[PDB]
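The structure under discussion is supplied below as structure tokens; questions concerning it will follow.
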Ligand SMILES: [Mn+2]
Ligand SMILES: [Mn+2]
Ligand SMILES: [Mn+2]
Ligand SMILES: [Mn+2]
């Protein structure tokens, strides 16, 4: 019955704790109900082929036009249509599926986690990226985050400095924190196998719990090798740019952990398809992020809530990086977790004034 | 909101065109809504480790008790719980998930296909197993089924007679029918690789469209080999006894086609998990059956309706084999297809009198 | 000459040191001889798809009817028939083959180990699962078991608590016991490869002799990987759900040790088929248990007696867990071993009164 | 109870339809019972490393001495002992296990097939090697054998003449016989992969049912390749020189059919170990022969009788090649089969006079 009448893709720049750009989606349905979503990336084109500009451009010019007039309640049909009409564009697709799921949740008065099957938990463990680039600074922030019971899992973004420097930094931090916190790294494809061979060993020998995307996705055999040789488990993130990529990697034994990002898969339903594959292969899960705001973070969270298990938790800390939001409901972070309300849809409403404010 | 108050597993023997036993499930919810499902097999234990007797025994003694008091609306949590409490028992689990999905569909007034994402079609191509055991009779039945436009896809159950005899039979039928019908075989694991090597070639060289489960699931390498050497595509059925089996087979390249049976996977949601994996690997789909009645057939159909594509259609002909049904709504078979109503749930209601009649 | 006249499957709940349920089998032969067997599992459906209820249901409804009138002396023909009529149901099949072997042993006045070829030993090393869940408690029990010379091999059931907690627990116990006892673990599929990677290393680096089923049977490649990378040998248990599973695993190099459980294979003859395959591949053996009572334990033992070698002994401690038995002859545990009499059959007779007592 | 008191290995040369040498074994037990066996090969050392001379030499000097005093009833222990004391020597071991099984069968009054588990059939299909070396003669012999209903399955020993000549010969014979008989070849390792590539295709394209050992056992990859490319199934014979060889081949996918020869495995129990492995891998079976007399043929037959299935029958025609036998009971060949009596042991007794006659 309800139809998709219009979809708006709005580029919004928000201040952080330094701007963060999100593409807010608003799908208006003939039944008066409106869903909101979010297609967010990091650094224009540096973390994916989809920039905020390219995202809005294609939604406006291609994806949205293909949906107007379609049943808002038939998300599958809509999303399958988007797949027949467009190659990739998972970020843009993710924002749209998120909005459609939100709209469908308010319409049925069910939270998205329920639309997606039913939550098995009401909160998710949330990791925190220590980014000060200063070891002492990072250890202080870690101790602080532990103090206020906000985070007990920390990840270090490395690979940008000499291998030995990052190794020192990361091992110093773990050394200092001990068993009071879990320490992980994310090399974001910065190392080549020859560099990863030694670093991975050192990290694993010094209490690092997991090594996220050490080398580039272009070296598949190296991932398979490190998944066999690293003392510390290897997690695939950038290597997954789609659900089929997830199967490919699982079939190869390229990672014992898969990071789950709706943006890299195509939305909440798409990320569960990847998760489903991981569970079938026996691969461990992790709730990933592209540093989304509450909308994208909640879209992710609602999906992760249905997961039987997330051995390595999540890094759904995106909203805490922003000093301003475009939704009224502030994220609920208490005791190392993100608490998700049972309210319908994503449980979020737009802060119209701020939207107008930061919309570029 | 609504809770699972009581689940009934009823063994029903129905006359066929020779009895057919189904285990009818009735899950009654605290909100007055009741869902019906079906856990059906063929021949006691000859086609699966789950017999009608074992199915009712375990639902009563284990599965059902674990669900009473649980939210009827949180199907994922319920089914995940059944997985934590019981190994296998996909048939029993399938009947229960089917009933839960039915009950949830009436409660929200949405057809199960929609609960499952949204249908991309309203009917499914239906194949017909020619069973007369007589070549001439089978060819007659084929032409008859073509005439009344009920079936244009036929499968022959072989492997029970000498290889040459079945080969002759099957090739004679295809030759006689020409391009007016698609002819497939299902050897039900009856051949060993050494027998399949020649038969598969002959069948493929004589217009047989696909070869369903030629050899036993115990010979994995043989399946991988035949998937590489058969002139006719190899479809995996019995080899899949779970979603993880589907991943295993896909990772191996053991079949270019996967038959989808909710019974062998654990229900409508479980069969879609397997289908999702097949789609990710690029494996072709087929809607399979354990010869369910309208309930199981409709539970399957509602899931298959959301599938982007089913290259080889379905064999959802189960209800046409029975001369009596325990539901009021007769299956809609017209023009080589099974038509699925948009009505809520499975769109079926129990024929109380007949239920009482055939319930053993 | 002698025929199978009737088979009784009796569900018996016995008190333990907390109930333990066994399905006692009684096969009555036309020659007056009667054999007894046992189909026992742990926790209904939590350790196998076969529950006590499902076991009795299928024996009564399917397996037994197929055997009445058949030659009691032709166990092969009978068991092969059960395989043609039923998929899986190894537990139920195991109880029946055990009873048939017992009956055939009394009839020929030969112990089952002899029927099975001939014993090469008269006793088996028996391991003991320390289960108190309390480290200090477990170390005390270990020291005690060593004292009375009952056990010098101990296994810890882990995987239910955080990896670090179980690691600590297990390493603390080994540390404390030193070279006076062998310490093994059984994770019962509780870990996912990403968790097993580090735990296995730690365990192997701290004197743990072997790691039983660290990850789930759904992750085959992970087993192959850990069988290559674990400092401590990997043993397959739950991964084997049949003799063909054993071949599959051996062909893959998924474990350097196979646990031998008649229940998971289909009986004493079936477990030897698996053992035979293991010996051919060079895979090490272990006498496994589903915590059977004296009947199932003796059925297992009689088979394990014919084994050339059992590098890691057995865990045939099932009877010591029960405070009551349904057989008259008490198990012979002395000097870290289970001593098997040369008496005919299993060397056991039913304690009719107790049978009637605990039969549910 | 009964012990092995003395074992005699007697070399006997028998006239054929041209001599055939067998090593007759006589194991005398302390209980008065005596078992007879046979260790027979073809051509001294040309078909195995074990010649009649080497066989008697080692039994006398090594195997037999190790058994005197041992329990005649504990065959497993005895045979396992022979394995600990001697590498290979399967022929010699086979004659001894055969004799032990015979002696144990008379002692218990059970036929060997029963000692081995229980027969599932009373006769076996018997193939016939057409050896005239003349196409026309061979076709005549084939029609004759069909007429008297003695054989309907024929094999041609090829590989000794140019590939084309043998191809012509073999294809001419099949063409001439049509579907009235099954035609197979045995190249006895005579071809190298480069020759087999074309021949196998031609043979398979001209109705040859299977290709026995086309190339040498030294080329493992070639066997794996031909098992993948031959239009006609590949059977392994010479490649199997032990049970572990059988596992190796099955693990490799080197043949879809395994020939079963007790001589190449180590006796009736050993051949069943190989058969069990084949059944587990899904490999097809065939009862092979080294052209044994009634003793070796019956030892084989009693084992093959317990086999669930032998897709390609047997070639147990050995006794029909001899014009004189050293046993009193003449083999029962009627209607394409060898009929096995239910009598105890092998059902054979020595023809003392003839034994003394032909014993070299
Ligand atoms: Mn990452
Ligand atoms: Mn099928
Ligand atoms: Mn275990
Ligand atoms: Mn041969």
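Neighbour counts are summed over all protein chains in view; Cβ atoms, including those assigned to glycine, are modelled from backbone coordinates with ideal geometry. Bear in mind that the values in this text are calculations on the coordinates, not laboratory data.
Being touching a helix residue (DSSP H, G or I) at 6+ places or on another chain (Cβ under 8 Å) and over 21 Å from residue C:90 (Cα atoms) is the filter here, so list the residues in the range C:256-281 that pass it.
Scanning the range C:256-281 gives C:256, C:280, C:281.
Taking the range C:203-220 as the search range and keeping residues that are more than 9 Å from every other protein chain (Cβ to nearest Cβ), in contact with a helix residue (DSSP H, G or I) (Cβ under 8 Å, 6 or more places away or on another chain) and more than 16 Å from ligand 3 (Cβ to nearest atom), which one is nearest to residue C:287 (Cα to Cα)?
C:207
Taking residue D:43 as meeting all but one of (1) touching a helix residue (DSSP H, G or I) at 6+ places or on another chain (Cβ under 9 Å); (2) closer than 30 Å to residue D:216 by Cα; (3) not in a helix (DSSP H, G or I), write down the number of the exception.
(1)
Answer yes or no: is there a residue in the range D:67-75 that is more than 12 Å from chain C (Cβ to nearest Cβ) and part of a helix (DSSP H, G or I).
no
What is the number of the single condition among (1) farther than 22 Å from residue C:157 by Cβ; (2) assigned to a strand (DSSP E or B) that residue C:21 does not meet?
(1)
Still on this model: Has the range B:187-202 got any residue that is under 19 Å from residue B:283 (Cβ atoms), away from ligand 4 (no atom under 16 Å from the Cβ) and touching a strand residue (DSSP E or B) at 6+ places or on another chain (Cβ under 6 Å)?
The answer is yes, given that some residue of the range B:187-202 is under 19 Å from residue B:283 (Cβ atoms), away from ligand 4 (no atom under 16 Å from the Cβ) and touching a strand residue (DSSP E or B) at 6+ places or on another chain (Cβ under 6 Å).
Does the range C:89-111 hold any residues that are under 19 Å from residue C:270 (Cα atoms), in a helix (DSSP H, G or I) and within 14 Å of another protein chain (Cβ to nearest Cβ), and which are they?
Across the range C:89-111, the qualifying residues are C:90, C:91, C:92, C:93, C:94, C:96, C:97, C:100, C:101, C:103, C:104, C:105.
Matching residues to (1) surrounded by fewer than 23 Cβ atoms within 10 Å (Cβ to Cβ); (2) more than 24 Å from residue B:84 (Cβ to Cβ); (3) over 20 Å from the mean Cα position of the chain (by Cα):
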| residue | (1), (2), (3) |
| --- | --- |
| C:190 | yes, no, no |
| C:193 | no, no, yes |
| C:199 | no, no, yes |
| C:213 | no, no, no |
| C:219 | no, no, yes |
| C:224 | yes, yes, yes |
| C:227 | yes, yes, yes |
| C:231 | yes, yes, yes |
| C:240 | no, no, no |
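Those residues that are in contact with a helix residue (DSSP H, G or I) (Cβ under 8 Å, 6 or more places away or on another chain) and away from chain A (no Cβ under 11 Å), I need them from the range B:112-126; list them, please.
Once the filter is applied, which keeps residues that are in contact with a helix residue (DSSP H, G or I) (Cβ under 8 Å, 6 or more places away or on another chain) and away from chain A (no Cβ under 11 Å), the range B:112-126 yields B:112, B:124.
Let me ask something else about it. Determine which single condition residue D:223 fails, assuming it passes every other condition in (1) in a helix (DSSP H, G or I); (2) within 15 Å of ligand 4 (Cβ to nearest atom); (3) more than 14 Å from chain B (Cβ to nearest Cβ).
Among (1) in a helix (DSSP H, G or I); (2) within 15 Å of ligand 4 (Cβ to nearest atom); (3) more than 14 Å from chain B (Cβ to nearest Cβ), residue D:223 violates only (3).
Scan the range C:182-191 and tell me whether some residue there is more than 16 Å from ligand 3 (Cβ to nearest atom) and outside any loop (DSSP other than H, G, I, E, B).
No, because not a single residue in the range C:182-191 is more than 16 Å from ligand 3 (Cβ to nearest atom) and outside any loop (DSSP other than H, G, I, E, B).
Of all residues in the range B:112-129, which are closer than 16 Å to residue B:177 by Cα and either over 17 Å from the mean Cα position of the chain (by Cα) or in a loop (DSSP other than H, G, I, E, B) (or both)?
Scanning the range B:112-129 gives a single hit, B:127.
Out of all the residues in the range C:133-153, is one or more under 21 Å from residue C:226 (Cβ atoms) and out of contact with any helix residue (DSSP H, G or I) (no Cβ under 8 Å at 6 or more places or on another chain)?
Scanning the range C:133-153 turns up no residue that is under 21 Å from residue C:226 (Cβ atoms) and out of contact with any helix residue (DSSP H, G or I) (no Cβ under 8 Å at 6 or more places or on another chain).
Tally time: how many residues in the range C:95-124 are under 30 Å from residue C:156 (Cβ atoms) and touching a strand residue (DSSP E or B) at 6+ places or on another chain (Cβ under 6 Å)?
Adding up the residues that qualify gives 4.
May I pose another question? Which of the numbered conditions does residue C:259 fail, given that it passes all the others? Conditions: (1) under 25 Å from residue C:114 (Cβ atoms); (2) surrounded by fewer than 24 Cβ atoms within 10 Å (Cβ to Cβ).
If we test residue C:259 against (1) under 25 Å from residue C:114 (Cβ atoms); (2) surrounded by fewer than 24 Cβ atoms within 10 Å (Cβ to Cβ), just (2) comes out false.
Of all the residues that make up the range D:165-186, how many are within 14 Å of another protein chain (Cβ to nearest Cβ), surrounded by fewer than 23 Cβ atoms within 10 Å (Cβ to Cβ) and within 16 Å of ligand 4 (Cβ to nearest atom)?
Selection size over the range D:165-186: 1.
Please work out if residue A:138 is part of a helix (DSSP H, G or I) and more than 14 Å from chain C (Cβ to nearest Cβ).
Against the criterion (part of a helix (DSSP H, G or I) and more than 14 Å from chain C (Cβ to nearest Cβ)), residue A:138 qualifies.
What tally of residues in the range C:321-360 results from selecting those that are under 24 Å from residue C:105 (Cα atoms) and within 20 Å of the chain's Cα centre (by Cα)?
Number of matching residues: 17.
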